[PDB]
Amino acid sequence: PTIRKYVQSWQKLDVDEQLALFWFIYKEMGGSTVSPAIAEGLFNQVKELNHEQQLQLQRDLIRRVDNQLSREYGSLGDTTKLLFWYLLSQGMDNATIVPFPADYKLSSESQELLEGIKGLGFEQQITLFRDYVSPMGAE
Ligand SMILES: CC1=C(/C=C/C(C)=C/C=C/C(C)=C/C=C/C=C(C)/C=C/C=C(C)/C=C/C2=C(C)C(=O)CCC2(C)C)C(C)(C)CCC1=O
């Protein structure tokens, strides 16, 4: 559908830009099955990593790097993968994961994507995020 043009547009951004956009999408939310327990499990592991390790782990998930953790994430359902990304972002907010650069100004090319997405349907907006995270991890 149209969500394809978005996911591909999103994927055609820098790895550090993609994270930045995903992050702001999360902030704009507060101002086939899913298995939640498994998702928090992976998160717990990531929580043990230091901040650098936690950033690279996210860069790795996008770049499809072959980690021991990238493999765990790859073996998850599409719906639980998204839940896991929410746990990371929530984690950053709760000081338990690498905080976002205060000085990071978002590019205007992603400021557009942010706006276009906000105008999307709730169902679609969900499918967009779900379609974005599934093509990640290893294997
Ligand atoms: C520090 C630093 C940085 C790093 C920045 C970093 C680390 C940025 C990381 C940003 C992160 C972790 C963004 C995550 C966003 C998650 C979203 C929007 C979740 C949507 C979930 C939904 C819609 C729920 C869906 C669903 C779920 C799951 C269910 O399970 C059932 C409900 C429902 C169906 C609705 C930079 C790269 C910027 C610079 C370098 C540098 O130093």
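Can you tell me how many residues within segment 103-116 are near the ligand (Cβ under 10 Å from one of its atoms) and within 14 Å of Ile25 (Cβ to Cβ)?
Start the filter on segment 103-116 by keeping residues that are near the ligand (Cβ under 10 Å from one of its atoms), which leaves 103-104, 106.
From what is left, the residues that are within 14 Å of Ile25 (Cβ to Cβ) are 106.
Residues in segment 103-116 being near the ligand (Cβ under 10 Å from one of its atoms) and within 14 Å of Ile25 (Cβ to Cβ): 1 in total.
Working carefully through the options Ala95, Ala39, find the one that is of a type in the set (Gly, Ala, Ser) and closer than 16 Å to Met136 by Cα. Spell out the reasoning first.
Values: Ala95 fails: closer than 16 Å to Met136 by Cα.
The match here is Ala39.
Out of all the residues in segment 41-79, which are within 11 Å of the ligand (Cβ to nearest atom) and charged (D, E, K, R)?
Matches in segment 41-79: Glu52, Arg59, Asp78.
Return a yes/no flag: does segment 27-46 have any residue that is under 22 Å from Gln124 (Cβ atoms) and among the polar types (S, T, N, Q).
Yes, segment 27-46 contains at least one residue that is under 22 Å from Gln124 (Cβ atoms) and among the polar types (S, T, N, Q).
What is the number of the single condition among (1) within 18 Å of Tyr26 (Cβ to Cβ); (2) over 12 Å from the mean Cα position of the chain (by Cα) that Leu87 does not meet?
(2)
When the residues of segment 3-40 are narrowed to those that are farther than 18 Å from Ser134 by Cβ and not acidic (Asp, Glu), which ends up farthest from the ligand (Cβ to nearest atom)?
Taking segment 3-40 as the starting set, the residues that turn out to be farther than 18 Å from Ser134 by Cβ are 14, 16-17, 20, 23-24, 27-31, 37, 40.
Imposing the further condition that a residue be not acidic (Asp, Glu) reduces the set to 20, 23-24, 27, 29-31, 37.
Values: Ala20: 5, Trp23: 4, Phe24: 8, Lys27: 9, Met29: 6, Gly30: 10, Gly31: 13, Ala37: 12 Å.
Out of the qualifying residues, it is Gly31.
Based on what the data block shows, is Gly31 over 14 Å from the mean Cα position of the chain (by Cα) and either crowded, with 18+ Cβ neighbours inside 10 Å or at positive phi (or both)?
Yes.
Taking the conditions exactly as written (within 12 Å of the ligand (Cβ to nearest atom), of a type in the set (A, V, I, L, M, F, W, C) and part of a helix (DSSP H, G or I)), does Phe100 satisfy them or not? Working first, answer last.
Numbers: within 12 Å of the ligand (Cβ to nearest atom): yes; of a type in the set (A, V, I, L, M, F, W, C): yes; part of a helix (DSSP H, G or I): no.
So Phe100 fails the test.
In segment 18-46, what residues are farther than 14 Å from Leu88 by Cα and of a type in the set (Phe, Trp, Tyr)?
Passing the criteria: none in range.
Cβ: placed from backbone, ideal geometry, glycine included. Neighbour counts: every protein chain shown. Since every read-out is calculated from the coordinates, none of them should be taken as a lab result.
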